[PDB]
């Protein structure tokens with residue numbers, strides 16, 4: 001038994017932090033939807 | 001007890017938040033931990049009774 | 001798709017549990033709700049005095065939809081920089097922009113973001129430059145370095161028919177089990193490309209609610225529902241006719257302008273009701289004459305023998321003893337079960353007894369019978385209940401949202417006895433047929449979010465329905481369907497050997513045939529009794545045959561010899577010249593037949 005709760009509308013932020021790398025990992029998914037190596 | 005309760009609790013590579021139970025061998029009982037939703041290990045139980053009886 | 005019918009704002013939502021904490025995030029786009037599979041696993045959601053149930057899912061991609069499909073198809077260009085609208089548990093939302101890296105699937109290749117958010121953020125949307133959702137955050141991997149990466153997750157959006165099924169002089173049986181997308185996918189595509197071929201399309205449903213679910217499935221197409229209050233309804237426009245089996249048989253018996261349908265689709269084509277059998281016979285005749293194509297859809301086609309067929313969700317087949325009456329003890333597994341149960345009873349009487357026993361335990365019990373089905377079945381959906389106590393009528397497309405079936409595998413069988421005076425008795429309770437057991441078990445094993453469904457049964461099925469009165473009654477109806485070509489309308493092949501009758505022997509001349517149809521429609525009498533009265537030359541309103549019977553035709557109600565006041569004040573014992581058990585088999589049937597015999601009907 002789960003309930004919902006409002007959070008935000010979908011809009012892009014001019015005022016956003018820019019972080020994160022852009023690596024290239026070869027990884028293969030498996031039937032269930034998982035990921036590894 | 002099986003060898004899969006030797007393992008410590010395993011939060012998967014997913015970002016959901018499920019409360020589950022995992023057998024701390026050092027502490028000697030299943031405490032609740034955060035399951036991410038994906039590739040659960042076998043030290044991962046929906047209730048603490050099934051974990052005590054399963055370890 | 002899944003298996004059920006039924007606020008709706010737009011914005012991202014925190015999916016939350018009360019034991020309240022956040023477990024995941026979802027997007028309410030259009031009238032649909034989007035999440036990952038691993039976040040809910042097909043569980044319902046209730047909020048804003050409403051409820052959402054799953055529609056489509058792709059477990060191979062960790063993606064699920066509630067209330068419809070996934071039209072979100074904006075795909076990241078492999079260069080454009082993205083934003084994750086992360087909603088962490090107990091924190092105001094946060095937009096983090098990044099240039100995605102690549103997961104290199106090797107069965108394809110897609111982008112990934114190296115943002116590590118707290119547990120409970122799965123399903124947070126990944127937006128793009130133009131303000132459209134290109135993905136869902138939450139499913140990823142742990143890097144050799146020990147870093148967390150997550151792949152962007154989005155869908156990219158179907159049943160195509162073989163053309164031979166539209167060929168005339170061709171009859172196709174579609175062995176479609178629950179989970180194949182019958183009403184939700186296959187039938188709409190069949191209808192659409194039949195319209196493309198500009199075919200005169202008839203669709204036959206076993207019950208009114210099944211036809212209503214067909215209407216919901218076929219919306220946007222030109223479907224006209226046809227009510228039995230009308231003998232024929234032609235329009236010059238392109239139209240697809242939708243009606244019940246019995247409505248089609250009635251219009252055959254009473255109308256002239258029966259259209260030259262060249263494509264006929266019959267859902268739940270295993271229905272052994274006399275009207276359904278006669279309709280199958282007429283359809284097979286039209287097909288053999290080269291005037292039409294036919295499609296019979298059923299999970300138990302002729303020759304089906306397996307009571308435990310394959311299902312698209314696991315079924316637990318428990319064999320144990322089941323009560324046949326009200327019990328006082330020793331059946332705790334019945335009421336200790338905390339899900340919803342569909343219990344199949346042989347008769348309305350046994351159903352009443354079982355249902356009262358269950359109500360005594362604080363159980364909400366809904367009862368279903370052939371006559372009350374289209375009234376009461378909508379209450380199982382619009383209400384929450386513990387048990388459905390039902391007869392075989394729920395074997396014809398009645399979808400339930402339950403986890404257990406109780407099936408003693410017993411039923412009553414109408415048999416026409418030829419020992420001297422011809423009568424109709426109800427033999428039993430007797431073992432049901434293998435197809436009937438399969439159809440009863442088919443009420444469950446369809447929800448892919450449930451693996452604990454159980455089919456608790458007792459006894460073996462029996463393939464001995466040859467003496468069933470419905471085959472002779474179907475021949476009675478069929479022999480009174482005149483054909484323009486004067487051809488021979490016989491029963492559908494696989495059912496033809498069930499009766500040793502000669503084709504056409506029940507043909508009634510004009511007026512007798514009219515009163516036959518009227519005794520069935522206005523009198524609510526069985527086909528055998530209606531034929532026996534009408535062929536005798538008796539008018540509809542003449543009720544004296546209800547009292548001129550042998551003494552052994554006395555009708556008893558609760559251990560009393562029934563006495564009835566006729567329309568003209570006379571008091572007489574209910575003693576029909578012809579005895580059909582179905583008119584006194586249950587309180588409502590006997591009530592209706594008592595009002596018929598009085599002439600007040």
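Label sites at residue A:6 and residue C:326, each approximated as a point 7 angstrom past Cα along Cα to Cβ, lie 5.3 nm apart. Taking the simple approach of a point 7 Å from Cα along Cα-to-Cβ for both residue C:175 and residue B:29, what is their distance in nm? Result: 5.6 nm between the two label points. Only residues of the stretch C:91-133 count here: report those whose backbone N is under 14 Å from the spot 7 Å along Cα→Cβ of residue A:18, or say none. Output list for this probe position: C:96-100, C:129. At full extension, residue C:235 and residue C:514 could sit 97.8 nm farther apart than now, given 0.36 nm per residue minus the alpha carbon distance. Give the separation of the Cα centroids, the stretch B:10-42 to the stretch C:365-444, in Å. Comparing the Cα centres of the stretch B:10-42 and the stretch C:365-444, I get a distance of 46 Å.
Please compute the Kirkwood hydrodynamic radius of the stretch C:303-455 from all pairs of different C-alpha atoms, in Å with one decimal. It works out to 16.3 Å. Just grab the label-to-label distance for residue C:419 and residue C:570, each label 7 Å out from Cα along the Cβ direction, in nm (one decimal). Once both label points are built, they end up 3.2 nm from each other. Mean residue ellipticity at 222 nm, helices only, chain B: -3000 deg cm²/dmol; runs of at least 4 DSSP H residues each add -39,500 (n - 2.57), and the sum is divided by the number of residues.
Fully extending the segment from residue C:375 to residue C:463, taken as 0.36 nm per residue of separation minus the present Cα-Cα distance, adds 28.5 nm. Overall dimensions of chain B, expressed as equivalent-ellipsoid semi-axes from the Cα gyration tensor (√(5λ), whole Å, largest first), are 18, 11, 9. Considering the protein assembly as shown at the alpha-carbon level, its Rg and Dmax are found to be 30.6, 99 Å.
Evaluate the Debye formula for the stretch C:179-332 with equal point scatterers sitting on the alpha carbons, no solvent, and hand back log10 of I(q)/I(0) at q = 0.09, 0.17 Å⁻¹, in q order, two decimals. Treating every Cα as an identical point scatterer, log10 I(q)/I(0) equals -0.37, -1.01. For the stretch C:123-155 versus the stretch C:500-573, the spacing of their alpha-carbon centroids is 73 Å.
In this structure, residue C:485 and residue C:522 have a Cβ-Cβ separation that, at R0 = 35 Å, corresponds to a calculated FRET efficiency of about 0.70. Only helices enter the 222 nm calculation for chain C: every DSSP H run of n ≥ 4 contributes -39,500 (n - 2.57), and dividing by all residues gives -6000 deg cm²/dmol, rounded to 500.
Rounded to the nearest 5, the antiparallel percentage of DSSP beta bridges internal to chain C is 55%.
Give me the distance between the Cα centres of the stretch C:269-309 and the stretch C:575-601, rounded to whole Å. Each part's Cα centre sits 32 Å from the other's. A P(r) calculated from all alpha carbon pairs of the stretch C:435-547, with 5 Å bins opening at zero, reads 2, 10, 16, 15, 12, 11, 9, 9, 8, 5, 3, 1 percent.
Readers should treat all values here as calculations from the given coordinates under stated rules, not as data from a laboratory. Backbone-built Cβ (ideal geometry, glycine too); neighbour counts: all protein chains shown.
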